[PDB]
Amino acid sequence: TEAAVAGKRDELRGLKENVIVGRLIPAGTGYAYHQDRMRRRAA
Amino acid sequence: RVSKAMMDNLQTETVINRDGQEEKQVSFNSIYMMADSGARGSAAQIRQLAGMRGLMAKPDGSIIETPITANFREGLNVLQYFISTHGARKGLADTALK
Amino acid sequence: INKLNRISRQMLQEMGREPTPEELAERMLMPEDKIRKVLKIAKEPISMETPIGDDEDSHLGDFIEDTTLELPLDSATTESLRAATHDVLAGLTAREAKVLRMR
Amino acid sequence: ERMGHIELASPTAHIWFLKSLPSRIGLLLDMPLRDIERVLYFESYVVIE
Amino acid sequence: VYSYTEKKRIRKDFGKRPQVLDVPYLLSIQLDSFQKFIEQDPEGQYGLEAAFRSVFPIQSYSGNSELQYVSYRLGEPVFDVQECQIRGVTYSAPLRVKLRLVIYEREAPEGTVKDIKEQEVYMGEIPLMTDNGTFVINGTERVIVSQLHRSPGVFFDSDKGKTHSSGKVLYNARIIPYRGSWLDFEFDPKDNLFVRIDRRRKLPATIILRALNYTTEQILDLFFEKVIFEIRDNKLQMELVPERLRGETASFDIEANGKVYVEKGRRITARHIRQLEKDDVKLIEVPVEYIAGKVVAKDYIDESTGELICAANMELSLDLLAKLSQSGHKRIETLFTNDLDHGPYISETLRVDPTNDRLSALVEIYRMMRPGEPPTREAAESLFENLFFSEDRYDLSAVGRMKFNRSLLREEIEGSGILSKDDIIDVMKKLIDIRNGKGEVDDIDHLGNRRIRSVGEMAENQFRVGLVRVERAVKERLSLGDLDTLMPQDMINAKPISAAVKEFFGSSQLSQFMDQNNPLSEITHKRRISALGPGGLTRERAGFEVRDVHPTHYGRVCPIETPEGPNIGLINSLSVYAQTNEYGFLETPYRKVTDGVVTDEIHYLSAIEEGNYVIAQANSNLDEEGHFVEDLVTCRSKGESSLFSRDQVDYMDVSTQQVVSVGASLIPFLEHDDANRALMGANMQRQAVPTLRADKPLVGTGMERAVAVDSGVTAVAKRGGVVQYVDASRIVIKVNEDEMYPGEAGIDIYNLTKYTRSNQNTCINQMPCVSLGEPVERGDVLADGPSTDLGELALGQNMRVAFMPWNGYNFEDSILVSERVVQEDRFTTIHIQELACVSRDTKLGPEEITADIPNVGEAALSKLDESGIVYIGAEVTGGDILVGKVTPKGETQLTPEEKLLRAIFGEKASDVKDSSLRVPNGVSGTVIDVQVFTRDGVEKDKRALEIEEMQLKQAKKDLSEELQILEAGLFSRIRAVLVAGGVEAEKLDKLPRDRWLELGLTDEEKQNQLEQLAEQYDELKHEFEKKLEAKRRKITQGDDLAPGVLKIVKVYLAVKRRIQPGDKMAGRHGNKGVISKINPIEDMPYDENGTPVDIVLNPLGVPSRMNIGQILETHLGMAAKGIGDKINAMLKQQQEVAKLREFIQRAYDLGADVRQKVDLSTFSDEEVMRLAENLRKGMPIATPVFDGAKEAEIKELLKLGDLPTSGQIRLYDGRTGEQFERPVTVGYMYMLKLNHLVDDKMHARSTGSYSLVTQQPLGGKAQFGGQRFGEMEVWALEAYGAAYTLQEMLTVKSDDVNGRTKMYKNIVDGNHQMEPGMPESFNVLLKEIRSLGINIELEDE
Amino acid sequence: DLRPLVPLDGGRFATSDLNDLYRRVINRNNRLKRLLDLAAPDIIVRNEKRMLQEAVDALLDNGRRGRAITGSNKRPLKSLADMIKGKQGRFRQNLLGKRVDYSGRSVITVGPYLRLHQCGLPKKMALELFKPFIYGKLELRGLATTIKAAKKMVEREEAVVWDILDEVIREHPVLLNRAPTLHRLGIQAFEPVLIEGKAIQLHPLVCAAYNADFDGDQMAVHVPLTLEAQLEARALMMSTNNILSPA
Amino acid sequence: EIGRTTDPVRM
Ligand SMILES: [Mg+2]
């Protein structure tokens, strides 16, 4: 309810979120994927 | 005193003799080797088997003033056993809830 | 249904025991299969959150499998049969292969 | 996936923004929770305009 | 001295103490409570008689007509037990009641009975308790566990200091009725007395007093004393009572008689007070400025105006003193309040109390009880006089009233089951006492404050609920009453009553499937004191206070047995000798010791009677006279033991077992185990699975003969006699002439119960242990049950163990079973499953049970006869078709390439769908029984008719034997009258027994009884004809089945599971452990004679767990099996029975002042050889629990055989052939086989069936369901870097409903890729949030 | 289909609870529309708007405002906020910790011949867990023409499926697991050894990590399907790579 | 006496 009124926006950038939403944890072997993705955005 | 006596009789009481009269080294008591290796059990549990066991406390925590003077090689009579049961169940009810 | 239940209550207070679904045919005016259907009209749906024991507090809804799915071996075998029929129909003539891919 | 709606005949207060411990409809109106519920239960009127 | 059926194998007994009280029938809790319930009570006590007397007579709303109880009956069951289990029905008894309706006269309140009307009416059924205390509810034998809740009454509790930070211990008296609203006073830290009702908001506790129309004057009267003050010629001299100055400081110079007793500021010493008592110092002049701190009792009103000078409960201000002296009052009385021994609490509560008048109290109670409703006088007063005083909606039934009176220290112990003014006012006076300091709070954990609801009481409560639910309708219907248009059956339903009692019995927290996979488990499940269930605390509410073994559990509840885990001590289990008091409180036997003698008059003491006396210890030396032998003996007075004088003990304990449950007195050497391992051992021993050859406990405790007999499994003779026929499926006892009744054919028939599935799928069996033509006696076993051996409870089997590390195949707790234990088939059990092939009715059509299944080769249907069901006897494997069932299918579809394939190969697609029943994967078995239930009106197939023909031959055979036996007794009585004057020895018994009838005798009833014989004989003929016809009806009639189910079939399989790695085993002392390798016989360590060792336990398990029992019991089992080897060696040479007799007599006399005394001198040579051939395997030794065999006697016994004293043998190593240094223990530990069988554990899921709402896999192994990969494993992968493993772990393997099929395709294409996607359960999450008012979407970029 | 009325076998339907809560909201809604069509007295439409506020309320979150409208059995209905909340909502139950394919469990036992990069894993569990791999291998080596033929081949358990299992097993880690998975070493990937029996033999130096007695403690063997996850189970999670506690 | 209750039946 608080995020709802406050219109809050979740940019994932965590381990719990990327486990919820079914994709690579940005921790071990997934860290490369996520850094390469951050450079693949805003190149 | 009972614990220290059982340990002084338990750890070195092997007396031997090499080309002569008598020497004494660390013992080969099976239960003692199992307690001295570090395999199972400490000196506490050995204490309870040989020496008198503990001063069992009531569920208050108010320690009783007559220890369970008998060990598990002799028999705990009905009173001593019923007093052991208090702490037995307190330990089980903790380690369930920890 | 209220007529069936009321006559069954009467038949149970009277006949001693619980009446059988043919005797309701005789106390009512039913072909005795209409009463079988009327009894078969299902009761309330068991709420799919009924607690069932057990094994870390699991409700019934954990136990109702999915039936409209198709098990992946049949999906694999449909793919395999697709590939087989393609490679087969390639063996025929082109016009006959087209008439059979169209028929 | 297809959702559907229901056209409520009368409006109806979304409970989360009315009963969450700091009441959002409450502190938005700067109005205590008790008076808002007295209005919502059709107990007491409320002024507007 | 011994039974002839006891001389088969008489067990040595190292019991030094004499038995004084036989172990009572271990199933008296269940049986005796229910026999209380369903039984004629010619008085208003317990029963259905109590329930009907309570609710009835139902009388209308002054409508000149009422309905009244008369008497009731329990008809016999439509189905006896076995038919009931086979058929699925509950095993019940119709409850016929004889209600009687009467209409009164017309317009005469004293109206005579106008119209009476009598007719018995069916109201519900009630499940009958079997012979054993197990009901049969839906063909599953159940047990209603007991219940241990708080006794009704008043309980003064502390809540000490934890409520508030000041540490000031509050107090509260709670009143718990057996039915109705609670009532709860208490103190808040300001010491204001607050009242709570049903645990709602509190109130000033004088609010209820005012609601009881007590004006402020007499409230102050009740709760306080009086300090009088006379205006005696100047400023209020004081009438002093001496003891009132107690604990105080005299802040004024209190003199008397021109004698200043006390100086100012001087605390009145006891000298002062006794001096004042001596001098009788009554009225003493006081400065009036001291009466500024008092409080007036009454209200003071002047005579002149009659106005209120000062209200009641008003602290005296000296201006009020002037204003009252001016009017001329003599007495100015106040209250007597000290800080210590007379507190001012009702006064302060009156201060905070807002109410004044009874209407205010009633309305205030009403508003707190019904907030929102405008309070009305009649509504408020009805609510109040219905909270605590209506005989209907409140009750402290006689247990409540007894505990209530005993707590308030009343003198009578019987009263009215509703509160009164006296009861509440005494609760407040006792709470105020216990606040001031005199008195002690109560503790809930005290088994005099903790009742037991059995089965009878709870079923009675549910039936009482049913009766109120029907009385509402009865009154509703006599409101609009007629006179002759309604009998007493149109008024009364049953489905309310029946629904209530049936939904208790079949669905309660306390009504569970019997844990029948053992005799010990059944008999320790019937005896279970559960603290859970309705009307009692839960797993989460409690709470370590009730979990803990309180010192009044001695002999009432077991210390060491309790189902460990989440509910420890919530499921305590009743001890050996504990009974239930008249009122439900637990009590135990104790021997009354007189002045010096230990009288053997056992004398039951409840939990609060025990705390007064001083009771001896069970193992107290007393010798030859009944006197003690020591000059001071251990006892226990009040939760504490201590040495006490010889002439100060009052009771001695009955036996040295009376503290443990029955589960924990089967453990040998319990006194040597830590309490913890005995908990685990007592708790595993009832999971031991009945094996294939019940052996015997080679080292026991004598509690096991009774655990087997007093259970139900063994078949005990009712009347002694001599056996006549012993099949493996019946025994037939030719009863003796003396025990036989006057006239009836006395022969008993025992239908043994052959292989029939239990609850836990094991196999409950019964074998005969008798021989043809062998004497029996009453109370004697005839048939071993499952896990019994000649009447001793044999749970597992004993086998030669050895405590040595064996190369790590017994590493942690693992066990290294040798191949001769799997090879002797000695742990091979028999498990019996029940498959079912329900044949339902679908809108497309009926499902048939055809053997013409589509898409299966002839070799699959070779086990199926023409009707579809498999042949009885045919060993199936996992996957066979047990019942071909085919369901109508319609119009599926055809994808492209499938129309192509079908057209290419000229096949016509099938019309009907295979839905057969097939044996579950992995399982073997031999189908021991099939049963077909055909709904009434569906044409029975071939096999249903074959099965009916079989069952009908069998029923007719059994009933025919019945008729033979009964006609026997008829002609017995006949010959009895003819032989008793008029007998013919040979002139009548040559010719057949049918010409027996037609003969006469001179004028007598012998002249007569011509009609006696003929009537009896043709009566039995006709009556048995109708009996057999009724049996042919119950066989042939169409069974009753659920709606829309044509016919049910129940293929019964009987798998024989051997022993293998994984099957958990466990001895009795809590040493458990999973088999980890099955060595060949050669590899086993072998002793010097070459005898291999059957099991190699681990040395390193004993010092750390501290169950030394397993070692002493290994040693004594070795001694016993040594005597077994010696006697076998005497029976191979077969020298003489003189040597055998003397040897076994030596081995029985051994001991040190044992009580077992056998003289084999009186044993006939026909009997000593039998005794020896039973003892060839090894002399069974007993060891009563806290009384066992001491170590010196164990060595002495081991010296009796030629075994070694240490018990430690030189074992060789069967592989390398070279001795293990430092000798090893070898003995026979008696080892159980817990049913954590590994082939009920292994499971694996490649791809299966998926959940419905969230497309993930299913539960465990019954739905063929994947494991749970919960949060903790997710963190354990995040802790590595496995972000690829974790991704396929929660996307492809689990949930991503497209990616998972496309993963299976890749995995078969030799390509290990994946496609991640969005799990379906997250997307369910979005639609569920988004179906709130919230909007949660995915920003796309 | 997220609030289904699926018919469980027996002619009995097994609805959800949201069907009840929506059915009630829509009934009170339609009734209020009627009570405004009849131009009703004020107290009745006020009562109906209160009942509708309660119904929409007990739908969006039940037990929050006043007492919970009880389900049919006797119980509070599980309204939507109870779908999401708690230990058993979607968030913790179905979304963080999923059930899993390719996984099983059976009793563990000792097996000391093992090297500590391997776990004795039974033939029957291994042939059950590795069926996609076996089917692909059989139709690759041509011993089974179609996928269905390979299926019946491994169901009949011929002599070639055990060779094919010994070959698609060879260098392929599996992930043993024990129930309370306290620290990150209670999931370690081993290399299977195909072993008769039905107990997962676990190496004896590994019990200190897993914290395992051998008196009944079961273990779960999951599988790394893909190629990257086999590499992470071999490099990262193997049993010879964490022989030092990360604490 | 308006508030103090969350029951619709009483209201
Ligand atoms: Mg373990």
# chains A, B, ... in the order shown; residues from 1 in each chain; ligands from 1
$ residues_near_ligand --ligand "ligand 1" --cutoff "10 Å" --atoms "only C-alpha atoms and all ligand atoms" --output "PyMOL selection string"
(chain E and resi 812-813+1072-1073) or (chain F and resi 108+211-218)
$ closest_atom_pairs --of "chain G" --to "chain F" --cutoff "8 Å" --atoms "only C-alpha atoms" --output "JSON lines"
{"residue": "G:6", "atom": "CA", "partner": "F:66", "partner_atom": "CA", "distance": 5.3}
{"residue": "G:7", "atom": "CA", "partner": "F:66", "partner_atom": "CA", "distance": 6.9}
{"residue": "G:8", "atom": "CA", "partner": "F:50", "partner_atom": "CA", "distance": 7.0}
$ write_last_selection --atoms "C-alpha atoms" --output "PDB file, in the first residue's frame"
ATOM      1  CA  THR G   6     -17.824  -2.652  13.490  1.00  0.00           C
ATOM      2  CA  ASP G   7     -20.864  -4.884  12.992  1.00  0.00           C
ATOM      3  CA  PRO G   8     -23.299  -4.077  10.174  1.00  0.00           C
TER       4      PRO G   8
END
$ closest_residue --among "D:35, D:22, D:46, D:40" --to "chain A" --atoms "only C-alpha atoms"
D:22
$ interface_residues --of "chain G" --to "chain E" --cutoff "8 Å" --atoms "only C-alpha atoms" --output "short mmCIF file (atom, residue, chain, number, x, y, z; two decimals) with C-alpha atoms, in the first residue's frame"
data_model
loop_
_atom_site.label_atom_id
_atom_site.label_comp_id
_atom_site.auth_asym_id
_atom_site.auth_seq_id
_atom_site.Cartn_x
_atom_site.Cartn_y
_atom_site.Cartn_z
CA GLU G 1 -23.42 5.71 20.89
CA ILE G 2 -22.59 5.94 17.20
CA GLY G 3 -19.21 4.26 16.96
CA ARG G 4 -17.73 1.58 19.20
CA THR G 5 -18.89 -1.17 16.83
CA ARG G 10 -26.11 -3.79 14.84
CA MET G 11 -26.01 -0.74 12.64
#
$ closest_atom_pairs --of "chain B" --to "chain E" --cutoff "10 Å" --atoms "only C-alpha atoms" --output "Markdown table"
| residue | atom | partner | partner_atom | distance |
| --- | --- | --- | --- | --- |
| B:28 | CA | E:1222 | CA | 9.3 |
| B:30 | CA | E:1099 | CA | 8.9 |
| B:31 | CA | E:1103 | CA | 6.7 |
| B:32 | CA | E:1103 | CA | 9.2 |
| B:34 | CA | E:1100 | CA | 6.8 |
| B:35 | CA | E:1103 | CA | 7.7 |
| B:39 | CA | E:1100 | CA | 7.4 |
| B:40 | CA | E:1104 | CA | 5.6 |
| B:41 | CA | E:1104 | CA | 4.5 |
| B:42 | CA | E:1104 | CA | 7.9 |
| B:43 | CA | E:1103 | CA | 10.0 |
| B:44 | CA | E:1104 | CA | 9.6 |
| B:45 | CA | E:1104 | CA | 6.6 |
| B:46 | CA | E:1103 | CA | 6.8 |
| B:48 | CA | E:1106 | CA | 8.4 |
| B:49 | CA | E:1106 | CA | 7.4 |
| B:58 | CA | E:550 | CA | 9.0 |
| B:59 | CA | E:548 | CA | 7.3 |
| B:60 | CA | E:545 | CA | 9.9 |
| B:64 | CA | E:640 | CA | 9.5 |
| B:66 | CA | E:642 | CA | 9.3 |
| B:71 | CA | E:672 | CA | 8.1 |
| B:72 | CA | E:672 | CA | 4.9 |
| B:73 | CA | E:672 | CA | 6.5 |
| B:74 | CA | E:672 | CA | 7.2 |
| B:75 | CA | E:671 | CA | 5.5 |
| B:76 | CA | E:671 | CA | 5.5 |
| B:77 | CA | E:1186 | CA | 6.3 |
| B:78 | CA | E:1186 | CA | 6.5 |
| B:79 | CA | E:641 | CA | 8.1 |
| B:80 | CA | E:671 | CA | 9.3 |
| B:81 | CA | E:671 | CA | 7.0 |
| B:82 | CA | E:559 | CA | 7.0 |
| B:83 | CA | E:551 | CA | 8.8 |
| B:84 | CA | E:675 | CA | 6.4 |
| B:85 | CA | E:675 | CA | 5.7 |
| B:86 | CA | E:549 | CA | 5.7 |
| B:87 | CA | E:675 | CA | 8.9 |
| B:88 | CA | E:676 | CA | 5.6 |
| B:89 | CA | E:548 | CA | 6.7 |
| B:90 | CA | E:548 | CA | 6.9 |
| B:91 | CA | E:676 | CA | 9.0 |
| B:92 | CA | E:564 | CA | 7.7 |
| B:93 | CA | E:568 | CA | 6.7 |
| B:94 | CA | E:544 | CA | 9.0 |
| B:95 | CA | E:565 | CA | 9.4 |
| B:96 | CA | E:565 | CA | 6.4 |
| B:97 | CA | E:566 | CA | 8.2 |
$ select_by_dssp --residues "chain B" --states "strand (DSSP E)" --output "short mmCIF file (atom, residue, chain, number, x, y, z; two decimals) with C-alpha atoms, in the first residue's frame"
data_model
loop_
_atom_site.label_atom_id
_atom_site.label_comp_id
_atom_site.auth_asym_id
_atom_site.auth_seq_id
_atom_site.Cartn_x
_atom_site.Cartn_y
_atom_site.Cartn_z
CA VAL B 15 50.37 -50.24 35.28
CA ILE B 16 52.85 -52.17 33.13
CA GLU B 23 55.67 -48.22 35.07
CA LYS B 24 52.37 -46.60 34.20
#
$ residues_around --residues "segment 173-180 of chain F" --least-positions-apart "4" --cutoff "9 Å" --atoms "only C-alpha atoms" --output "MDAnalysis selection string"
(chainID E and resid 1272:1273) or (chainID F and resid 105 118:119 169 186:192 202 210:212 217:224 230:231 233:234 237:238)
$ write_last_selection --atoms "N, CA, C and O atoms" --output "compact mmCIF listing (two decimals), in the first residue's frame"
# COMPACT_ATOMS: atom_id res chain seq x y z
N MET E 1272 15.81 -21.74 1.82
CA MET E 1272 17.13 -21.95 2.39
C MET E 1272 18.07 -22.50 1.35
O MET E 1272 19.26 -22.16 1.35
N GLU E 1273 17.56 -23.28 0.40
CA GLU E 1273 18.43 -23.79 -0.65
C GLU E 1273 18.70 -22.72 -1.68
O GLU E 1273 19.78 -22.68 -2.26
N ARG F 105 14.42 -38.16 -3.34
CA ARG F 105 15.04 -38.30 -2.05
C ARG F 105 14.87 -39.72 -1.61
O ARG F 105 13.90 -40.37 -1.96
N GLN F 118 32.30 -38.10 -4.86
CA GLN F 118 31.19 -38.87 -5.39
C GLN F 118 30.25 -39.37 -4.31
O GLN F 118 30.62 -39.51 -3.15
N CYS F 119 29.01 -39.60 -4.72
CA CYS F 119 27.95 -40.05 -3.85
C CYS F 119 27.30 -41.24 -4.50
O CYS F 119 26.92 -41.18 -5.66
N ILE F 169 25.43 -40.86 -17.33
CA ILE F 169 25.73 -40.50 -15.96
C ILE F 169 27.13 -39.95 -15.80
O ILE F 169 27.37 -39.16 -14.89
N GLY F 186 25.59 -27.14 2.92
CA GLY F 186 24.60 -28.18 2.92
C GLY F 186 23.93 -28.37 1.59
O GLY F 186 22.82 -28.89 1.54
N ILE F 187 24.53 -27.87 0.52
CA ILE F 187 24.22 -28.26 -0.84
C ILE F 187 25.54 -28.40 -1.56
O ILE F 187 26.20 -27.39 -1.82
N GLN F 188 25.95 -29.62 -1.85
CA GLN F 188 27.24 -29.83 -2.48
C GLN F 188 26.97 -30.79 -3.60
O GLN F 188 26.27 -31.76 -3.39
N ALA F 189 27.50 -30.54 -4.77
CA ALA F 189 27.25 -31.41 -5.90
C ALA F 189 28.31 -32.49 -6.00
O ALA F 189 29.49 -32.19 -6.02
N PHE F 190 27.86 -33.72 -6.15
CA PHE F 190 28.69 -34.91 -6.20
C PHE F 190 28.67 -35.47 -7.61
O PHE F 190 27.94 -34.99 -8.47
N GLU F 191 29.49 -36.48 -7.89
CA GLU F 191 29.37 -37.21 -9.16
C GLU F 191 28.79 -38.59 -8.92
O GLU F 191 29.41 -39.38 -8.24
N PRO F 192 27.66 -38.94 -9.52
CA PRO F 192 26.93 -40.12 -9.07
C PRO F 192 27.75 -41.36 -9.33
O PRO F 192 28.51 -41.43 -10.29
N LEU F 202 26.28 -41.68 1.11
CA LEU F 202 26.92 -40.38 1.25
C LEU F 202 28.28 -40.56 1.89
O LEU F 202 28.40 -41.28 2.87
N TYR F 210 27.09 -31.60 6.00
CA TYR F 210 25.65 -31.75 5.99
C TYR F 210 25.05 -31.86 7.37
O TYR F 210 23.86 -31.60 7.53
N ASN F 211 25.83 -32.27 8.36
CA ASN F 211 25.31 -32.57 9.69
C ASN F 211 24.35 -33.74 9.62
O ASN F 211 23.15 -33.58 9.84
N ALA F 212 24.86 -34.92 9.31
CA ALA F 212 24.03 -36.08 9.05
C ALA F 212 24.36 -37.22 9.99
O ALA F 212 25.50 -37.67 10.03
N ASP F 217 18.14 -40.01 8.07
CA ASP F 217 18.10 -38.67 7.52
C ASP F 217 18.02 -38.76 6.01
O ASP F 217 18.93 -39.32 5.40
N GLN F 218 16.98 -38.22 5.40
CA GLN F 218 16.83 -38.34 3.96
C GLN F 218 17.53 -37.20 3.25
O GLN F 218 17.76 -36.14 3.84
N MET F 219 17.86 -37.39 1.99
CA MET F 219 18.51 -36.36 1.21
C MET F 219 17.91 -36.28 -0.17
O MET F 219 17.45 -37.26 -0.72
N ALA F 220 17.96 -35.08 -0.72
CA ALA F 220 17.34 -34.77 -1.99
C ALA F 220 18.43 -34.63 -3.03
O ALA F 220 19.40 -33.92 -2.81
N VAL F 221 18.28 -35.31 -4.14
CA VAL F 221 19.22 -35.21 -5.23
C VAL F 221 18.55 -34.47 -6.35
O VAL F 221 17.60 -34.97 -6.95
N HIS F 222 18.98 -33.25 -6.58
CA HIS F 222 18.48 -32.45 -7.67
C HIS F 222 19.42 -32.68 -8.83
O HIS F 222 20.36 -33.45 -8.73
N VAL F 223 19.14 -32.09 -9.97
CA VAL F 223 20.04 -32.34 -11.09
C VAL F 223 20.38 -31.05 -11.82
O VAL F 223 19.50 -30.19 -12.00
N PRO F 224 21.63 -30.84 -12.17
CA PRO F 224 21.96 -29.75 -13.08
C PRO F 224 21.63 -30.17 -14.49
O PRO F 224 22.32 -31.01 -15.05
N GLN F 230 25.91 -27.81 -15.06
CA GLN F 230 26.90 -28.85 -14.81
C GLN F 230 28.26 -28.23 -14.53
O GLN F 230 28.98 -28.68 -13.64
N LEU F 231 28.62 -27.17 -15.25
CA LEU F 231 29.89 -26.53 -14.96
C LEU F 231 29.90 -25.84 -13.60
O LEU F 231 30.94 -25.81 -12.95
N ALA F 233 28.09 -26.78 -10.96
CA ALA F 233 28.15 -27.83 -9.96
C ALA F 233 29.51 -28.48 -9.92
O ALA F 233 29.89 -29.02 -8.89
N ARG F 234 30.25 -28.46 -11.02
CA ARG F 234 31.57 -29.05 -10.97
C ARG F 234 32.60 -28.09 -10.42
O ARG F 234 33.40 -28.48 -9.57
N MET F 237 30.27 -25.73 -6.92
CA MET F 237 29.57 -26.46 -5.88
C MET F 237 30.11 -27.84 -5.64
O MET F 237 29.46 -28.61 -4.93
N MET F 238 31.24 -28.22 -6.21
CA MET F 238 31.63 -29.61 -6.11
C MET F 238 32.00 -29.91 -4.67
O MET F 238 32.07 -29.02 -3.84
$ interface_residues --of "chain A" --to "chain D" --cutoff "12 Å" --atoms "only C-alpha atoms" --output "PyMOL selection string"
chain A and resi 1-6
$ write_last_selection --atoms "C-alpha atoms" --output "mmCIF file, in the first residue's frame"
data_model
loop_
_atom_site.group_PDB
_atom_site.id
_atom_site.type_symbol
_atom_site.label_atom_id
_atom_site.label_comp_id
_atom_site.auth_asym_id
_atom_site.auth_seq_id
_atom_site.Cartn_x
_atom_site.Cartn_y
_atom_site.Cartn_z
ATOM 1 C CA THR A 1 0.000 0.000 0.000
ATOM 2 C CA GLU A 2 2.833 2.410 0.706
ATOM 3 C CA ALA A 3 4.554 1.820 -2.610
ATOM 4 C CA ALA A 4 1.142 1.978 -4.242
ATOM 5 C CA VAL A 5 0.320 5.476 -3.036
ATOM 6 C CA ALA A 6 3.913 6.626 -3.423
#
$ closest_atom_pairs --of "chain F" --to "chain A" --cutoff "12 Å" --atoms "only C-alpha atoms" --output "CSV"
residue,atom,partner,partner_atom,distance
F:81,CA,A:1,CA,11.2
F:90,CA,A:20,CA,10.1
F:91,CA,A:20,CA,7.8
F:92,CA,A:20,CA,9.4
F:93,CA,A:20,CA,11.1
F:94,CA,A:20,CA,9.8
F:95,CA,A:20,CA,6.0
F:96,CA,A:20,CA,5.8
F:97,CA,A:20,CA,9.2
F:98,CA,A:20,CA,10.4
F:228,CA,A:29,CA,9.4
F:229,CA,A:29,CA,10.0
F:231,CA,A:29,CA,10.6
F:232,CA,A:29,CA,8.3
F:233,CA,A:29,CA,11.7
F:235,CA,A:29,CA,11.3
F:236,CA,A:28,CA,9.6
F:237,CA,A:28,CA,11.9
$ select_by_dssp --residues "chain A" --states "alpha helix (DSSP H)" --output "VMD selection string"
chain A and resid 2 to 6 15 to 20 30 to 40
$ interface_residues --of "chain D" --to "chain F" --cutoff "12 Å" --atoms "only C-alpha atoms" --output "ChimeraX atom specification"
/D:1-21,37-43
$ interface_residues --of "chain E" --to "chain C" --cutoff "8 Å" --atoms "only C-alpha atoms" --output "list in words"
residues 94, 121, 122, 123, 489, 490, 493, 494, 897, 1043, 1044, 1247, 1248, 1249, 1250, 1251, 1252, 1255, 1258, 1259, 1263, 1301, 1304 and 1305 of chain E
$ residues_around --residues "segment 976-982 of chain E" --least-positions-apart "4" --cutoff "12 Å" --atoms "only C-alpha atoms" --output "list in words"
residues 742, 743, 744, 745, 969, 970, 971, 972, 986, 987, 988, 989, 996, 997, 999, 1000, 1001, 1002, 1003, 1004, 1005, 1006, 1007, 1008, 1009, 1010, 1012 and 1013 of chain E
$ residues_around --residues "segment 311-317 of chain E" --least-positions-apart "6" --cutoff "7 Å" --atoms "only C-alpha atoms" --output "PyMOL selection string"
chain E and resi 216-217+291-300+347
$ closest_residue --among "E:1178, E:808, E:746, E:1223" --to "chain F" --atoms "only C-alpha atoms"
E:808
$ interface_residues --of "chain F" --to "chain C" --cutoff "6 Å" --atoms "only C-alpha atoms" --output "list in words"
residues 13, 14, 15 and 16 of chain F
$ write_last_selection --atoms "C-alpha atoms" --output "PDB file, in the first residue's frame"
ATOM      1  CA  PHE F  13     -16.435 -29.808  -7.357  1.00  0.00           C
ATOM      2  CA  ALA F  14     -13.539 -28.147  -5.615  1.00  0.00           C
ATOM      3  CA  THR F  15     -13.941 -24.418  -5.953  1.00  0.00           C
ATOM      4  CA  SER F  16     -11.629 -21.750  -4.653  1.00  0.00           C
TER       5      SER F  16
END
